[PDB]
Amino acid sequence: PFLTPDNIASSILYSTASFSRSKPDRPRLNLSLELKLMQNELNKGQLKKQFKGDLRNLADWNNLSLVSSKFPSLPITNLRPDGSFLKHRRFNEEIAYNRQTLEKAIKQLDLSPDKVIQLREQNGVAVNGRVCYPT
């Protein structure tokens, strides 16, 4: 579909080139994005597994960001593709701070009983073990 007799050789080399710390700006697929995630060290943590497959499978970023903002001290390298993460030192203390703020929020908000339950359900964390699984 996208291969022709004028780019097949270039595509093979362009798609197979390996990363080189000495020459990192060498044209490579999604290089700008790869460098952005390397700078953030997201290639060396609990997502390294995904950096050899489809980029649409790296992680559910809408949720990874929602979790990362609820746990400022949670090392970002702990987040997993689905939103889970390796429990961090200040985990127990942050859930505490999140409930207080949540309850205070509900007070100021003129919600409805069904809607109040959801907000409390949204921030539930099941700590099965080394990993913490939210929602």
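Start at 1 and count along the sequence shown; that's the residue number.
Of the two segments examined, 93-101 and 64-72, it is 93-101 that shows the higher average Cα temperature factor in the deposited entry. Note on 49-57 vs 83-91: mean CA B-factor is higher in 83-91. Remark: residue 16 belongs to the lowest third of its chain, ranked by C-alpha B-factor as recorded. Sort the modelled residues of the chain by CA B factor and residue 37 lands in the lowest third. When the CA B factors of the chain's modelled residues are split into thirds, the value for residue 119 lands in the middle one. Looking at the C-alpha B-factors along this chain, the one for residue 106 belongs to the middle third.
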